[PDB]
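One structure below.
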Protein chains: 4
Amino acid sequence: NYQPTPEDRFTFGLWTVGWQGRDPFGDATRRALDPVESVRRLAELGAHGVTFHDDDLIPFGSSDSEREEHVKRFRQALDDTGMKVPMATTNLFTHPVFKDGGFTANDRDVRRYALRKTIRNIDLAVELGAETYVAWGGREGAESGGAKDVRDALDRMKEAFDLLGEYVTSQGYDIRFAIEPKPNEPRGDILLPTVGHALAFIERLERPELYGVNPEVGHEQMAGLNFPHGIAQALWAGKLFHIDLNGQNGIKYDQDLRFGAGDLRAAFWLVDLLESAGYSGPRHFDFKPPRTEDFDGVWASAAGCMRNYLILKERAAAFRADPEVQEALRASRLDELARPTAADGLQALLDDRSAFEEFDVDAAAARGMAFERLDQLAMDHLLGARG
Amino acid sequence: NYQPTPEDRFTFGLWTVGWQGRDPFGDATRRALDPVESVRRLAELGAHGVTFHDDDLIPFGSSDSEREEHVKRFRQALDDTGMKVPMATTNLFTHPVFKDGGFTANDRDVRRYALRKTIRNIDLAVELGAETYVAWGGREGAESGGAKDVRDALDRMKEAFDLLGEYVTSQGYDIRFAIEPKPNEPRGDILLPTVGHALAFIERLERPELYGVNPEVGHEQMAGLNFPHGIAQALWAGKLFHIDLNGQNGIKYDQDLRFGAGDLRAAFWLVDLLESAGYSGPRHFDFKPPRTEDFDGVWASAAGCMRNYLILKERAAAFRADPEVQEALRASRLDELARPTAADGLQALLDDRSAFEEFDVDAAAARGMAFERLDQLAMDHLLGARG
Amino acid sequence: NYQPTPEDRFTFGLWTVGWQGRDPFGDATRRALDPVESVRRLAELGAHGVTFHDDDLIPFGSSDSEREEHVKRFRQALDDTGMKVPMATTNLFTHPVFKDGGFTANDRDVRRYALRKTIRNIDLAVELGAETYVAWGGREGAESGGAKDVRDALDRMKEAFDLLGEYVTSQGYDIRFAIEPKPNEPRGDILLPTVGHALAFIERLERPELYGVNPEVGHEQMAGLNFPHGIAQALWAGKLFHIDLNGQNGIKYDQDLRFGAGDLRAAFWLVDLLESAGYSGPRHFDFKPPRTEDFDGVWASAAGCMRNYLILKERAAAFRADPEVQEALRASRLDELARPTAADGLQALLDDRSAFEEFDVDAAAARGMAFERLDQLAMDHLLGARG
Amino acid sequence: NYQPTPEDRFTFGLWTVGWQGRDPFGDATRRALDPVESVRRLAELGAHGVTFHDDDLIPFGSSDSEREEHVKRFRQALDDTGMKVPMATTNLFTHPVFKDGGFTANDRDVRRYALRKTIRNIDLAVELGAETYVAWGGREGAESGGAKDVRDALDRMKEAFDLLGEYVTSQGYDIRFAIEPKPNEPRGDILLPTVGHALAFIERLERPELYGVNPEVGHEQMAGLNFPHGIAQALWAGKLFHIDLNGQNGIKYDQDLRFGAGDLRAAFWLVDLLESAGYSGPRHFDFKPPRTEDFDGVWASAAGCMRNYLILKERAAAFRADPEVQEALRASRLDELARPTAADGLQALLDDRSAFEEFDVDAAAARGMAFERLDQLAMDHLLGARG
Ligand SMILES: [Mg+2]
Ligand SMILES: [Mg+2]
Ligand SMILES: [Mg+2]
Ligand SMILES: [Mg+2]
Ligand SMILES: [Mg+2]
Ligand SMILES: [Mg+2]
Ligand SMILES: [Mg+2]
Ligand SMILES: [Mg+2]
């Protein structure tokens, strides 16, 4: 039946189901949602948690009484539904003061204002019980070559993340940070565009154990890269703290389709990788219900994300647990890929005559790899057509 | 006149001017070149050095007498022309034994054979006086999801690079290693596809001071990324050991056009970045003369690469040394970008009331950035139309 | 000095300089512009005309008195400045009633409403003296495969364009129609995505002499196609009625940069093609001033478009009028490309023994084409470095 | 069981299963196949026919005795297996005499040689009983802007196709012509890059009833376009004469994967479109077995193409024949899309007050479209998870 359970750890953003449909060529098609109503509806669908921007919960320019009133209503809804908040983030892209950037704006006072806004939201997020803080560098980039000195911008971004790490260490919080890469949209070229650039940036920080990545399926597919390879490098580094799941149709604008739409085979291999590696964080959906839909379509899209994940998880487990698949995996020598190359050592490899002087390159080249048979078994298990 | 001089450090690969024109849909249009003739012609054009694959210099399957004869003729040509060899590399992609991979092939004996071939070529490269060794992971990837376990492949690639570093340390050589990223072509998805992935991989190695990157303009433009941003992150990390210059028209197959063709504005900003940062390595051209050309067209393309670089270097220096440009750079607050954000410290930033409580967001948002005026000055200096 | 003159026929849209900066992730950074002020400023910069959407001039839901008042003020500004209106268009994408489409919406009453709105705007455009009407099919497409039956949608689009042609024929107007293609943004896939699809659609209409295309540089570059090839096929068909000039950096979202930015070499070849073919329509700029700029940056961008066109026109004329270039064009046999293949006829070609039986394929294959020398001369003329 | 039958009309090219694995960076991994052996193996798998290039069957430079001997052996194998030949084509891209082009080469004598070669192969194809002749314009394009005058090239291509039509009309053959579009690879930009450009070219020919298109899934996906939309426009024009099925992973080089791999959802919607429209031509597979495979992998890939088509055909028929799907299609108003917009006429539409003056735009905008529910039903039917 593929019914979601709270052990699946499915979470949704408030900006996802609360999107009003304002695109660059059109007005809003839906009215605004109350966050309390969003929590109650998502708890009815069987979700585990919600995430938020600071401006999603408290409107910009609110007084302290309005701030504490919104926080009190939102914690009341969380206590009534039993829902959790596992991640929060700050909005440094909507207001026109951030048009040049946030942490790497050319104006020093804008950079200081962005740091103070982030610190205030980190205090609220620890108050609500979040475990991961996400920084999205949305306005950090340039449309032209001379507008932004990139080495200086990387120095300012390093300084900002070092200050945030110093603050959480001095306060004694247990929250960690995560960086969300994206290649373009809305700037012409965004700093730290991929998972690899984000990981290489994290290794230069002062306390590199507090920082990880938060990759998104759509953002890695906008650069034509392969999302399971990117996720596997992040897992190899030990830095996958949180993940965003959606869909995307090739290299174009950010579509943010529901999960399973877009590249279905890549979604299958991604669910295979996460269930095999034992990733235990939240399964966060960052999608936009299309502006042709009313509220019933919104809730149908939100249910469809979780249903597609549960179907792909069942099919991937059935593919790995099949004896003919295990025979094909031995025939393609994946078990030999898992073996060490030279554990006997460098001197033994240099003295091994079977490794250069007496190695039959023609006999080694004549062997096929049977990858097409393996892939056809994977396609049959995905489509349900084993027979 | 833009005449190349040996102080410019222009180098060419033997595979560049020696390409016979065999593309996937056509036969060769040019006969094979003698490497001695290539050295003499490139010294006549005013180049500084040549680079080589092992199979470019010594054909596959050659005996030891043929090996030493080819090496003796090639060093004789280098001594007669005064040309140098600043970089070498090994060929782990042409022979059909490497169809699944080289360092990360599924076959253990193929991995051991690839390591022994690389070690032999490293000995030859130190004998010829090279300073940088380049590893291109061309066959390391997959066309399908189940063919390659990517975490295990990253373990084998780490093991191979650690063994090579152990060998050069035990021999006492001064040569360093460099990794060339590429997103696809000829596999469907290649491991370590960008500069960011390569840098993040290098930080996990055992002796990370021996390894850097060798980025190529065309390969970063095949993923839709921005090459000056990638080069600037590599310079910020201190890992730019060598660079490949060519041209590319957007996201498609590897064209390897001559330098200056493709994206001319990006070429301008790249030359600006290298001359500003003071990169002192070789300027290596990795281009393919198109198969419609005869040998006169080959030599005209090779001269055109160096001419386009010298023109762009003159225009970029004239753009930076202009007082109206310096006034526009102050008006866009690049000098304020170079200033530290909070050097007074975290506690002073938290107590600063002008940074959150009394900060005029509307007055800060009303200021323009004058980026379009700056970019129009850059375009006028590139086109030569200051007036 | 490259100063624009009214003989250059430079026109701008009101939505171009009137864009407030609202992108999908941010609010507006600039206040709204009066159309009268836009006409006066563009006449001061040296433009020839303006174009408009119906909703740019008259706000949605306006009464008839407000309609005639806006029209009277706008014609007064046109009479005071001497500016013209050579093109108009209708807005069928902003209001949420058009969320599924306009001419090809699934709702019949929405299709009838869209036709009536277009007919009313055509009457206004003939009243202002326009010569070309532009239909942009912005919302005509789908995000999913089952949402839109494409053959039925093409039937409805044919029916709508046939009705508009019947109306202008019955009224005796002299205005013509033009279709603007675009591959995606804001739908996932837009019907009639390229110039070729638009031309093939036009040939199936009832009165195909009234319909042409209106191609845009950015929209053809979002699909990775080559804009001079597309423009040359439209000129070969005799259907280029109007053209939109802007810039675009590869395959991503619609950037709408100023002209000359993006792909400078492609801009050079486009200006070469239009000046060689003698295109006599307006040179229309459809660009967006970036949201980091204030009004001085807006007017600087608008001046920069015209300046870049005048510089490229001078350099292309100097390239064609050069005797060494003419010698290189004879060496690459472009004059032989202009000659007919078999004007002697099919029977003479079949009896010609020099064409198959006695044709030296090796001697024909040995000849080079000298394309690289020709391209280096073109690059030298573009950069101003002939010497 | 999804077993192929001769009523399915599955055909394969000889170049598909006969590909030796020579890619631009590697040598061949498989030996050459006898065409007789290819016919016998494909008849054992359950195919219906084969297609060929002229150089696939008769090697270049063969004498007349060798020509008639190869033809006699090949017709003997066709008579023994009962296989047919429904399509043929000529090779104007491999030999280095065609490096600049074929029908639109800059050399007049090369153009005449290409026409004579094509006419000889057309005689052979009618002798073998083919019904469609395919022209692929592989070398017709340019790497640079000045190398090719595109209007003159379009004149020469029109002249060549008019001569071929005149020849088949004078001989009284019943064969038709088809044009295969492709955006790039191996030239930088190929003339007639998409289906739309090919259709617009066909409408300018002298006898436009003899010419159609032959689209390929991979070639339309290399430009980021949507293949069911392109196929539906070709069916709307009545020009779909033949089709090529393979797979492709986004915008990169021509992968030519087996069918079903790549974009599985797009493959599902394509099979839905062909079975709904009743296309009765051959289902031709143009794929390359990957160079990691031996001959068993070749035959497994060839069987996998037909199996994936039969599975998708069953799932699409089950999706269309479902009552809940039919209810959802009525709720998304596809039946209202099939209705004519104004069959009452232009005057009745202009006098209809319910169409502009009394039309409730807010009530029309408030209705949802239920596209997400429809798409989730389609995904459930594709994955086999109706429950
Ligand atoms: Mg996104
Ligand atoms: Mg996200
Ligand atoms: Mg390359
Ligand atoms: Mg290279
Ligand atoms: Mg646009
Ligand atoms: Mg436009
Ligand atoms: Mg292909
Ligand atoms: Mg094909």
Side-chain angles (χ1 to χ4, degrees), chain A residues 1-2 27 29-31 221 224-226 247 249-252 257-258 260-266 268 289-305 307-308 310-312 314-315 332 365-377 379-380 382-385 387, chain D residues 1-2 27 29-31 221 224-226 247 249-252 257-258 260-266 268 289-305 307-308 310-312 314-315 332 365-377 379-380 382-385 387:
Chain A
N1 212 15
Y2 317 100
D27 293 345
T29 60
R30 292 191 289 277
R31 65 153 173 91
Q221 284 178 14
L225 297 189
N226 190 359
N249 277 120
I251 289 160
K252 52 171 73 69
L257 302 183
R258 95 182 170 283
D263 194 358
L264 183 62
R265 291 215 77 190
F268 172 79
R291 65 183 294 275
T292 62
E293 305 292 306
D294 46 337
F295 288 134
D296 291 356
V298 181
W299 302 138
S301 314
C305 288
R307 179 186 190 82
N308 288 333
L310 290 178
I311 294 161
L312 292 175
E314 166 179 315
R315 302 295 168 85
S332 289
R367 292 190 296 271
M369 295 300 291
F371 289 151
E372 283 301 281
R373 179 153 145 62
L374 182 40
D375 196 51
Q376 190 52 53
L377 292 173
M379 173 84 69
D380 289 344
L382 167 68
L383 290 184
Chain D
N1 212 15
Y2 317 100
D27 293 345
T29 60
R30 292 191 289 277
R31 65 153 173 91
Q221 284 178 14
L225 297 189
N226 190 359
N249 277 120
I251 289 160
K252 52 171 73 69
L257 302 183
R258 95 182 170 283
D263 194 358
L264 183 62
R265 291 215 77 190
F268 172 79
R291 65 183 294 275
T292 62
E293 305 292 306
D294 46 337
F295 288 134
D296 291 356
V298 181
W299 302 138
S301 314
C305 288
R307 179 186 190 82
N308 288 333
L310 290 178
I311 294 161
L312 292 175
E314 166 179 315
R315 302 295 168 85
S332 289
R367 292 190 296 271
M369 295 300 291
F371 289 151
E372 283 301 281
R373 179 153 145 62
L374 182 40
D375 196 51
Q376 190 52 53
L377 292 173
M379 173 84 69
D380 289 344
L382 167 68
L383 290 184

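In what follows, every heavy atom counts, from backbone to side chain, and hydrogens, waters and symmetry copies are set aside. Letters A, B, ... mirror the listed sequences (proteins, then strands); counts begin at 1.
Residue contact with chain D, scored on non-hydrogen atoms closer than 4.5 Å, involves the backbone and the side chain of A:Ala261 alike. Heavy-atom distances place the side chain of A:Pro290, and not its backbone, under 4.5 Å from chain D. For D:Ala365, no part sits under 4.5 Å from any heavy atom of chain A, backbone or side chain. Only the side chain of D:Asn308 comes within less than 4.5 Å of a heavy atom in chain A; its backbone stays farther off. For A:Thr292, the parts lying under 4.5 angstrom from a heavy atom of chain D are both the backbone and the side chain. Contacts between A:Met379 and chain D at a heavy-atom distance below 4.5 Å involve the side chain alone, from C-beta outward. In this structure, chain A has heavy atoms under 4.5 Å from both the backbone and the side chain of D:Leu383. Residue D:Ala266 does not touch chain A at all, counting heavy-atom pairs closer than 4.5 Å. Using a 4.5 Å cut-off between heavy atoms, D:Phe295 makes no contact with chain A at all.
The most heavy-atom pairs under 4.5 Å with chain A, out of D:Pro289, D:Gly224, D:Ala370, D:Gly304, come from D:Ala370. For the set D:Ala300, D:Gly250, D:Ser301, the count of heavy-atom pairs under 4.5 angstrom toward chain A peaks at D:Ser301. Counting heavy-atom pairs under 4.5 Å between each of A:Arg373, A:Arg265, A:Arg258 and chain D puts A:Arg258 at the top. Highest contact tally toward chain A, considering only D:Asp375, D:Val298, D:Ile251, is held by D:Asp375 [criterion: heavy-atom pairs under 4.5 Å]. Ranking D:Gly387, D:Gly384, D:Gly297 against chain A, the residue ahead of the rest is D:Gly387, based on heavy-atom pairs under 4.5 Å. Listed options D:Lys252, D:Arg30, D:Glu293, D:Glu314 were ranked by heavy-atom pairs under 4.5 angstrom with chain A; first place goes to D:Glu293.
In this structure, A:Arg307 pairs ionically with D:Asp380, as a charged nitrogen and a carboxylate oxygen lie closer than 4.0 Å.
The nearest pair of heavy atoms linking D:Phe268 to D:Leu382 is CD1-CD1, 3.8 Å. In terms of heavy atoms, D:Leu257 sits closest to D:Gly262 at CD1-N, 4.5 Å. Across all their heavy atoms, D:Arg291 and D:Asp27 have their closest contact at NH2-O, 3.0 Å. Closest heavy-atom contact between D:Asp294 and A:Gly368: OD1-CA, 3.5 Å.
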